[PDB]
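Engineer: Same order as they appear, the protein sequences are chains A, B, C and D. The first sequence begins at 539 in the entry's author numbering and counts up one residue at a time. The second sequence begins at 686 in the entry's author numbering and counts up one residue at a time. The third sequence begins at 930 in the entry's author numbering and counts up one residue at a time. The fourth sequence begins at 295 in the entry's author numbering and counts up one residue at a time. Each residue gets a CB set at the ideal place from its N, CA and C atoms; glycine is no exception. The structure's right below; bear with me while I get my questions together.
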Amino acid sequence: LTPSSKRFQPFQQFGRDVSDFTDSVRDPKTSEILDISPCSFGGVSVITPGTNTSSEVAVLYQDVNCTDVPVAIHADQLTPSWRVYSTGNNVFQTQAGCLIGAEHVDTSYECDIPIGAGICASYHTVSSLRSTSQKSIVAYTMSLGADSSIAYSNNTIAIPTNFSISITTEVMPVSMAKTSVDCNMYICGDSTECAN
Amino acid sequence: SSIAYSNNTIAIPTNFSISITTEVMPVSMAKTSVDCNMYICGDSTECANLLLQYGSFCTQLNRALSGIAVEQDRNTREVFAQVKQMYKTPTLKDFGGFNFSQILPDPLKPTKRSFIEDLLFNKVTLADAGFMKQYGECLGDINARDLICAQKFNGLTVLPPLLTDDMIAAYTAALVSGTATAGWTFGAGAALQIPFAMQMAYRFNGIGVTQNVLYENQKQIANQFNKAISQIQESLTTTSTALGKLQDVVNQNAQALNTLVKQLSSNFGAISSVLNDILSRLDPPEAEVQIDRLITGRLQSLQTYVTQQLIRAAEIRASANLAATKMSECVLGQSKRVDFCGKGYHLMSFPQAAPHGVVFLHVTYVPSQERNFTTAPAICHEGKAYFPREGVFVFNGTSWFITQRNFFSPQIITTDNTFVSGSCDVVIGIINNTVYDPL
Amino acid sequence: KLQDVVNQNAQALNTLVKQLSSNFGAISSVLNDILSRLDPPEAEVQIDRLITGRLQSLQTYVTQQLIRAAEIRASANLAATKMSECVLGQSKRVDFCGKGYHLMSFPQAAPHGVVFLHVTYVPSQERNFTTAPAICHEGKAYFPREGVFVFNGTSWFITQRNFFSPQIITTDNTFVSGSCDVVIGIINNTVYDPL
Amino acid sequence: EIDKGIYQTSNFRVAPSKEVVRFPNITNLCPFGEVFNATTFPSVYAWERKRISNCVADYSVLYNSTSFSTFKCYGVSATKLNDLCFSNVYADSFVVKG
Ligand SMILES: *[C@@H]1O[C@H](CO)[C@@H](O[C@@H]2O[C@H](CO)[C@@H](O[C@@H]3O[C@H](CO)[C@@H](O)[C@H](O)[C@@H]3O)[C@H](O)[C@H]2NC(C)=O)[C@H](O)[C@H]1NC(C)=O
Ligand SMILES: *[C@@H]1O[C@H](CO)[C@@H](O[C@@H]2O[C@H](CO)[C@@H](O)[C@H](O)[C@H]2NC(C)=O)[C@H](O)[C@H]1NC(C)=O
Ligand SMILES: *[C@@H]1O[C@H](CO)[C@@H](O[C@@H]2O[C@H](CO)[C@@H](O)[C@H](O)[C@H]2NC(C)=O)[C@H](O)[C@H]1NC(C)=O
Ligand SMILES: *[C@@H]1O[C@H](CO)[C@@H](O[C@@H]2O[C@H](CO)[C@@H](O)[C@H](O)[C@H]2NC(C)=O)[C@H](O)[C@H]1NC(C)=O
Ligand SMILES: *[C@@H]1O[C@H](CO)[C@@H](O[C@@H]2O[C@H](CO)[C@@H](O)[C@H](O)[C@H]2NC(C)=O)[C@H](O)[C@H]1NC(C)=O
Ligand SMILES: *[C@@H]1O[C@H](CO)[C@@H](O[C@@H]2O[C@H](CO)[C@@H](O)[C@H](O)[C@H]2NC(C)=O)[C@H](O)[C@H]1NC(C)=O
Ligand SMILES: *[C@@H]1O[C@H](CO)[C@@H](O[C@@H]2O[C@H](CO)[C@@H](O)[C@H](O)[C@H]2NC(C)=O)[C@H](O)[C@H]1NC(C)=O
Ligand SMILES: *[C@@H]1O[C@H](CO)[C@@H](O[C@@H]2O[C@H](CO)[C@@H](O)[C@H](O)[C@H]2NC(C)=O)[C@H](O)[C@H]1NC(C)=O
Ligand SMILES: *[C@@H]1O[C@H](CO)[C@@H](O[C@@H]2O[C@H](CO)[C@@H](O)[C@H](O)[C@H]2NC(C)=O)[C@H](O)[C@H]1NC(C)=O
Ligand SMILES: *[C@@H]1O[C@H](CO)[C@@H](O[C@@H]2O[C@H](CO)[C@@H](O)[C@H](O)[C@H]2NC(C)=O)[C@H](O)[C@H]1NC(C)=O
Ligand SMILES: *[C@@H]1O[C@H](CO)[C@@H](O[C@@H]2O[C@H](CO)[C@@H](O)[C@H](O)[C@H]2NC(C)=O)[C@H](O)[C@H]1NC(C)=O
Ligand SMILES: *[C@@H]1O[C@H](CO)[C@@H](O[C@@H]2O[C@H](CO)[C@@H](O)[C@H](O)[C@H]2NC(C)=O)[C@H](O)[C@H]1NC(C)=O
Ligand SMILES: *[C@@H]1O[C@H](CO)[C@@H](O[C@@H]2O[C@H](CO)[C@@H](O)[C@H](O)[C@H]2NC(C)=O)[C@H](O)[C@H]1NC(C)=O
Ligand SMILES: *[C@@H]1O[C@H](CO)[C@@H](O)[C@H](O)[C@H]1NC(C)=O
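Listed below in structure tokens is the structure:
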């Protein structure tokens, strides 16, 4: 419940939008109009390197700035371990949202876990390597391809003096499992009354 | 149209045009996600418990939608990331008199996209700007409320693509630069450098016209190329429906999401469409009856949405596979398939990024200004029949000549031009003429 | 990819099985329970609820199967095209069979699929040269046929594009068209005459 | 057991723990003693309608005096009546044989 700027007709007690969600209410005691908002603001995504590998995670909040996440997720009502992911030192801002719990490095690698908007995540060793064996979730900009220089000139050509024989492999599905369903068995399988 | 079929008469073009046509192909759509619990029984614990009893349907629906999203990213990667080396944009964008300025990005412009790509990104209206909404933008006045906030309040969100428009523009710039400097060679194996005029002569050979036709008429061909690009830019700058297919994809997705939201107001045989009303009026048993009715209705509508999305994603995937095939066959090579790249004889092709799609500029050779001639299948010299190789016999007004089919260039009939086979009797329409012997 | 197809089918079938334990607003997910507890009328109410739920889940399964079969059919059509064009012929289409210049191809059977071994030619070890569009001999311009004029350190040669094989410039190697003035970048050189 | 990757998660973190109840301040309770305990009641054909407004409907006041052989609610539940506020209520009164 929050204060609202919604303007109400003199006698209407609540307001609803097209989906019939109750957007606003009027307080009977004070006659002020309050906005009602959903408890969960929007989607959150957990990034994990595999429970096999680690128990570390990163959290991505899709619609929020990094300044607004503790309010957006109601950190004061969460457990302290969630509040650890509400705010911190490892906080990064992406066009996908705010990403918390991943170290941001300026090296660009091939995409491993796609965060979005050009940002990927991985499980590299920490750059500092103080423990020399620690590994952290690392967030970086995806590398599109290898940098190459080709020199355009007039009156100069490049001609191959050699060749290689290459054999590559291409895997193609052509079929799937043929399945049959005896719907009478699936629903009311042994019951005569149900079959009727 | 009237075409006059005759024996022993042929039509041969004396001129040509450089034609640049444009082809718009969708390659992806909006990646959407649904928080099922938010959509049905969004803030109600009691309803959520009932939903748990109902089934594992929400896991399956979310799985389907996430598969679709990963497919969208795969589509874009397959179409655009077809080159391993990111060739740098050349400093000088004029090769042999051919102007690549409008195709390539401009260093002075703040935008990293090229001029034509700027026009394209202007053409499509929405480009998913409305779907994204920051925190706190949905609280406001009655006029401030819009459909996107209704989507947010009910668990329907749109995920951003993995590749940024700047990265896609970088891919297309690398492709165009590699074509300008390396030619067709970078498509397979290492990138060999070639002057643009020599690459154009190679393309002309691929069409069937000889190299000298390109080299002698180079200035005219360059001017026609530049004028065709200017016309492309002018047609794009004025309002048009060239990009109607991309807009159609956008509109379909937006309308589907809006219908999904509107279905929540729909009653399904319950006393009310609002869950809180029946919760606050009815005791838990009959409340569970009504709530189960509402759950069934909303689950059914969500399933409808996801099924239509799977079918649409299949259409988009077929389109993206075709676009990848065109990038391989039209951009990294010269295609001998008829009408696959351009209408004429395909010469070369350029990719441009468009919102959720690719635009192909196909450069083709179009014969024109045909002239009628009299022809013979063969020429009887002494006792032997002579057949042209890579040519056709045409009677000019004065004498017989041999010419290439696509371009009228008369040549003397020598023993090198034509080969000998058989005798004069078998051929129908053979005519008497001298065959020059260089020795 | 083959493993993905296998996994999708197995997972869909498992989901179909697990949906039977799912209640659909009936008192019980077990049909025998409501049959043994309730008299036929209210039993028919509950059983109709269960029937509708299970029929819906089965219909979901079959619709997903139709869509997956459409994907597999597109893949199999492409595979048949590749067998026609890569295995029974030599493809001039770029990147349709292999990355390089396609040379030949062999099929191998795989579980519910086919694996194509594409043999291709990949040029390598390129060398830079200086070139000319044409060669002005006496008053006439000479254009190569099936080659490029290339400047070796000593003298001009003509070679094919994909493999460096220098050849002497003879009248058989090159043809004559037009005059030296029109061409841009024409260079003076002798053209050997075999006679 | 989770493989590596990024997964959208549903909200399990935050749940309500407080209830805020906001009713209009109405002091007087509804005149059940006047409506139910009246000297005379009308006939069925001449049935009388009375409007009840600006009051608190607390049926517990009837527990030590009135029996209610029949008490049947249709649109709503009887256990919900204490938690509801009505925009308008009418009372029709008459007498019939059993
Ligand atoms: C190849 O394309 C480039 C486009 O980047 C051409 O450069 C541009 O040429 C136009 C035409 O001159 C210039 O814009 C206009 O010039 C006219 C004068 O004719 C003037 O009245 C207008 O107000 C405007 O200035 C423009 O400055 C110039 N540069 C750029 C970056 O657009 C180029 O001429 C083309 N041909 C080549 C390179 O041979
Ligand atoms: C219902 O209660 C509210 C209190 O919540 C009353 O509002 C108060 O009114 C007095 C007199 O006007 C003010 O001094 C207080 O500041 C008000 N309080 C608030 C919170 O607004 C309201 O008057 C009451 N209504 C009735 C009919 O008694
Ligand atoms: C989140 O941060 C962005 C900046 O990255 C804010 O966007 C700016 O908003 C101000 C105020 O409206 C504008 O003047 C700027 O032009 C915006 N910048 C950009 C790049 O869009 C945004 O308002 C922030 N959101 C919240 C809820 O604080
Ligand atoms: C082929 O057609 C083109 C297009 O009309 C001709 O190019 C024109 O040539 C005239 C002079 O003959 C110039 O004044 C024009 O400016 C040219 N136009 C363009 C667009 O370049 C060309 O001459 C014709 N060639 C032959 C052999 O017929
Ligand atoms: C070449 O000449 C022939 C005439 O000898 C042209 O054929 C005529 O074309 C006109 C065009 O409308 C028709 O109306 C006549 O019926 C045709 N008659 C015959 C006998 O062919 C032919 O069109 C000419 N071709 C070109 C390219 O000009
Ligand atoms: C095709 O026939 C024409 C006559 O219709 C030939 O005419 C040439 O005309 C010019 C100027 O009139 C003369 O200078 C040439 O000497 C003529 N050629 C001769 C006499 O062989 C023309 O040469 C013929 N061949 C073509 C056009 O390739
Ligand atoms: C091309 O077609 C013309 C028109 O039919 C043929 O000319 C005829 O030939 C027959 C057989 O010698 C004569 O009987 C007719 O009198 C001819 N008609 C005319 C109008 O000349 C001609 O023979 C055909 N040419 C070829 C090579 O088949
Ligand atoms: C091409 O020339 C030959 C030889 O001059 C022609 O063959 C002669 O045709 C006439 C008439 O049919 C005969 O009387 C001669 O006996 C033929 N000579 C031989 C050696 O066959 C032939 O007709 C000419 N072709 C055309 C189309 O006129
Ligand atoms: C052929 O020689 C030219 C130089 O004449 C090479 O071009 C240079 O390539 C290097 C490679 O990194 C670049 O750093 C230079 O900037 C280029 N300079 C010029 C003037 O081109 C070319 O790479 C050589 N090609 C091969 C295949 O060795
Ligand atoms: C290309 O130029 C080279 C010189 O850079 C020519 O050199 C040949 O070198 C061998 C051994 O040094 C001699 O035996 C040949 O006689 C030389 N060729 C001559 C003198 O013509 C080479 O021949 C040239 N042509 C190629 C490599 O095809
Ligand atoms: C290939 O490009 C070079 C470099 O621009 C050209 O060399 C220039 O030619 C102009 C015109 O004569 C001169 O004014 C410059 O001084 C030259 N620069 C250098 C560094 O030599 C060359 O002409 C071009 N070759 C062809 C065939 O177009
Ligand atoms: C190829 O050789 C010809 C003939 O020797 C050169 O043409 C001469 O060029 C000079 C300088 O421009 C003139 O003074 C002569 O009058 C020209 N002669 C003729 C017959 O045109 C030509 O320049 C040479 N080409 C190159 C690239 O050096
Ligand atoms: C219904 O109302 C009548 C009238 O008020 C009640 O009768 C009164 O009962 C009280 C005892 O509580 C006596 O002290 C009064 O003298 C009675 N008055 C009259 C006029 O008879 C009666 O008790 C009420 N019944 C109920 C169930 O509330
Ligand atoms: C995953 O668990 C297995 C034990 O079953 C272990 O052998 C393996 O090393 C683990 N993977 C890691 C730690 O990356």
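Quick check on the contact list: which residues have their beta carbon closer than 6 angstroms to a heavy atom of ligand 2?
Structural biologist: A:567, A:568, D:319
Engineer: By DSSP's criteria, residue 896 of chain B is part of a beta bridge. Which residues make up the other side?
Structural biologist: Within the second sequence, numbered from 1, the residue matching residue 896 of chain B stands at position 211. Residue 896 of chain B is not bridged to any residue.
Engineer: At the level of alpha carbons, what is the spacing between residue 571 of chain A and residue 603 of chain A?
Structural biologist: Translated into the one-based positions of the first sequence, residue 571 of chain A becomes position 33. Translated into the one-based positions of the first sequence, residue 603 of chain A becomes position 65. Answer to the nearest angstrom: the Cα atoms are 27 angstroms apart.
Engineer: Give the list of continuous alpha helix (DSSP H) stretches no shorter than 4 residues that lie fully inside the region 813 to 844 of chain B.
Structural biologist: Secondary structure in the region 813 to 844 of chain B: the alpha helix (DSSP H) runs of 4 residues or longer, each lying completely within the stretch, are 832 to 838 in chain order.
Engineer: According to DSSP, residue 658 of chain A sits in a beta bridge with which residue or residues?
Structural biologist: The count along the first sequence starts at 1 and reaches residue 658 of chain A at position 120. Beta-bridge analysis with DSSP links residue 658 of chain A to A:652, A:678.
Engineer: To test your reading of the DSSP string, which unbroken beta strand (DSSP E) runs of 3 or more residues are found completely within the region 1050 to 1104 of chain B?
Structural biologist: 1064 to 1066, 1069 to 1073, 1077 to 1080, 1085 to 1088
Engineer: Run down chain D in chain order and give the residues with a C-beta less than 8 angstroms from the C-beta of residue 967 of chain B.
Structural biologist: For the purposes of this step, residue 967 of chain B is taken as residue 282 along the second sequence, with counting starting at 1. Those within 8 angstroms of residue 967 of chain B in chain D are 370, 371, 374.
Engineer: For a cutoff of 8 angstroms on Cβ pairs, would you count residue 591 of chain A as touching chain D?
Structural biologist: Within the first sequence, numbered from 1, the residue matching residue 591 of chain A stands at position 53. Output row for residue 591 of chain A: interface = yes.
Engineer: Taking the C-alpha atoms as reference points, what is the distance between residue 725 of chain A and residue 965 of chain C?
Structural biologist: Working through the first sequence from its first residue, we reach residue 725 of chain A at position 187. Working through the third sequence from its first residue, we reach residue 965 of chain C at position 36. Straight-line Cα distance between these residues: approximately 17 angstroms.
Engineer: Against chain C, which members of the region 687 to 707 of chain A pass a CB distance test of less than 8 angstroms?
Structural biologist: 692, 693, 694, 695, 696, 697, 698, 699, 700, 701, 702, 703, 704, 705, 706, 707
Engineer: What are the boundary residues of the beta strand (DSSP E) that residue 695 of chain B is part of?
Structural biologist: The residue given as residue 695 of chain B occupies position 10 in the second sequence. Run containing residue 695 of chain B: 695 to 711, per the beta strand (DSSP E) assignment.
Engineer: Quick one: is residue 731 of chain A near chain C, going by C-beta distance under 8 angstroms?
Structural biologist: Reading the first sequence from its first residue, position 193 is the one you call residue 731 of chain A. Answer yes: the Cβ-Cβ gap between residue 731 of chain A and chain C drops below 8 angstroms somewhere.
Engineer: Taking only beta-carbon positions, decide if residue 304 of chain D is within less than 8 angstroms of chain B.
Structural biologist: The residue given as residue 304 of chain D occupies position 10 in the fourth sequence. Yes, residue 304 of chain D counts as interfacial toward chain B.
Engineer: Using the three-state DSSP reduction, which class does residue 338 of chain D fall into: helix, strand or coil?
Structural biologist: As a position in the fourth sequence, residue 338 of chain D is number 44, starting the count at 1. Residue state, collapsed to three classes: coil.
Engineer: Just mark residue 384 of chain D as buried or exposed, buried being the case when its beta carbon has 16 or more other beta carbons within 10 Å.
Structural biologist: Translated into the one-based positions of the fourth sequence, residue 384 of chain D becomes position 90. Flag for residue 384 of chain D reads exposed.
Engineer: Please compile the residues from chain B whose C-beta is within a distance smaller than 8 angstroms of the C-beta of residue 377 of chain D.
Structural biologist: Translated into the one-based positions of the fourth sequence, residue 377 of chain D becomes position 83. 965, listed in chain order.
Engineer: Does the Cβ of residue 760 of chain B have 16 or more other Cβ atoms within 10 Å, making it buried, or fewer, making it exposed?
Structural biologist: Indexing the second sequence from 1 puts residue 760 of chain B at position 75. Result: buried.
Engineer: Rounded to whole angstroms, what's the CA-CA distance from residue 608 of chain A to residue 642 of chain A? Just pull it up for me.
Structural biologist: Walking along the first sequence from the start, residue 608 of chain A turns up at place 70. Walking along the first sequence from the start, residue 642 of chain A turns up at place 104. The straight-line gap from Cα to Cα measures roughly 20 angstroms.
Engineer: Beta carbon of residue 1066 of chain C, beta carbon of residue 1118 of chain C: below 8 angstroms?
Structural biologist: Taking the first residue of the third sequence as 1, we reach residue 1066 of chain C at position 137. Taking the first residue of the third sequence as 1, we reach residue 1118 of chain C at position 189. The answer is yes: Cβ separation under 8 angstroms.
Engineer: Using CA atoms only, rank isn't needed, just tell me which of B:1035, B:737, B:788, B:994 is closest to residue 940 of chain B.
Structural biologist: In the second sequence, counting from the first residue as 1, residue 940 of chain B sits at position 255. Looking from the CA of residue 940 of chain B, the closest CA among B:1035, B:737, B:788, B:994 belongs to B:994.
Engineer: Within the 8 angstroms Cβ cut-off, does residue 580 of chain A reach chain B?
Structural biologist: As a first step, residue 580 of chain A is located in the first sequence; it is residue number 42 there, counting from the start. So, interface residue.
Engineer: Using beta carbons (cut-off 8 angstroms, strictly below), is residue 771 of chain B in contact with chain C?
Structural biologist: Within the second sequence, residue 771 of chain B is the residue found at index 86, counting from 1. No, because no Cβ of chain C sits closer than 8 angstroms to the Cβ of residue 771 of chain B.
Engineer: Using only CA atoms, which one of D:334, D:344, D:330 lies nearest to residue 361 of chain D?
Structural biologist: Along the fourth sequence, read from residue 1 onward, the residue named residue 361 of chain D stands at position 67. Nearest C-alpha to residue 361 of chain D: D:330.
Engineer: Which of the three DSSP states, helix, strand or coil, is assigned to residue 768 of chain B?
Structural biologist: Start at 1 with the first residue of the second sequence, and residue 768 of chain B comes out as number 83. Residue state, collapsed to three classes: coil.
Engineer: Which value, in whole angstroms, describes the spacing of the CA atoms of residue 843 of chain B and residue 715 of chain B?
Structural biologist: Taking the second sequence and counting its residues from 1, one reaches residue 843 of chain B at position 158. Taking the second sequence and counting its residues from 1, one reaches residue 715 of chain B at position 30. Computed Cα separation, rounded: 7 angstroms.
Engineer: Within 10 angstroms of its Cβ, does residue 973 of chain B collect 16 or more other Cβ (buried), or is it exposed?
Structural biologist: The sequence position of residue 973 of chain B within the second sequence is 288, counting from 1. Buried.
Engineer: Contact defined as beta carbons within less than 8 angstroms: I believe residue 1072 of chain B pairs with residue 1106 of chain B. What is the distance between those atoms, to the nearest angstrom?
Structural biologist: Translated into the one-based positions of the second sequence, residue 1072 of chain B becomes position 387. Translated into the one-based positions of the second sequence, residue 1106 of chain B becomes position 421. Indeed, because the Cβ distance is near 6 angstroms, the residues count as touching under 8 angstroms.
Engineer: Could you tell me whether any non-hydrogen atom of ligand 7 is closer than 7 angstroms to the CB of residue 1114 of chain B?
Structural biologist: On the second sequence, position 429 is the one that residue 1114 of chain B refers to. Yes, the beta carbon of residue 1114 of chain B sits closer than 7 angstroms to at least one heavy atom of ligand 7.
Engineer: Taking 7 angstroms as the cut-off, does the CB of residue 1026 of chain C come closer than this to any heavy atom belonging to ligand 12?
Structural biologist: Taking the third sequence and counting its residues from 1, one reaches residue 1026 of chain C at position 97. False, no ligand heavy atom lies under 7 angstroms from that Cβ.
Engineer: Checking 8 angstroms against the spacing of the C-beta atoms, do residue 896 of chain B and residue 890 of chain B come in under that value?
Structural biologist: Residue mapping note: residue 896 of chain B aligns to position 211 of the second sequence, counting from 1. Residue mapping note: residue 890 of chain B aligns to position 205 of the second sequence, counting from 1. Closer than 8 angstroms, so yes.
Engineer: Between residue 348 of chain D and chain A, is the shortest Cβ-Cβ distance under 8 angstroms, so that the two count as touching?
Structural biologist: For the purposes of this step, residue 348 of chain D is taken as the residue at position 54 of the fourth sequence. No, because no Cβ of chain A sits closer than 8 angstroms to the Cβ of residue 348 of chain D.
Engineer: Counting contacts by CB-CB distance shorter than 8 angstroms, is residue 709 of chain A in contact with chain B?
Structural biologist: For this step, residue 709 of chain A is matched to residue 171 along the first sequence. Closer than 8 angstroms: no.
Engineer: For a test of your reading of the model: does the CB of residue 1065 of chain C fall under 7 angstroms from any non-hydrogen atom of ligand 8? Yes or no.
Structural biologist: In the third sequence, residue 1065 of chain C corresponds to position 136, counting from 1. Every heavy atom of ligand 8 is 7 angstroms or more from the Cβ of residue 1065 of chain C, so no.
Engineer: Are the beta-carbon atoms of residue 690 of chain A and residue 866 of chain B separated by less than 8 angstroms?
Structural biologist: In the first sequence, counting from the first residue as 1, residue 690 of chain A sits at position 152. In the second sequence, counting from the first residue as 1, residue 866 of chain B sits at position 181. In this structure, residue 866 of chain B lies closer than 8 angstroms to residue 690 of chain A by Cβ.
Engineer: Can you name the start and end residues of the alpha helix (DSSP H) that residue 724 of chain B belongs to?
Structural biologist: Your numbering for residue 724 of chain B matches position 39 in the second sequence. Segment 721 to 724, the alpha helix (DSSP H) holding residue 724 of chain B.
Engineer: Starting from the beta carbon of residue 295 of chain D, find every residue of chain A whose beta carbon is closer than 8 angstroms, and list them in chain order.
Structural biologist: Within the fourth sequence, residue 295 of chain D is the residue found at index 1, counting from 1. Residues of chain A passing the Cβ test: 589, 590.
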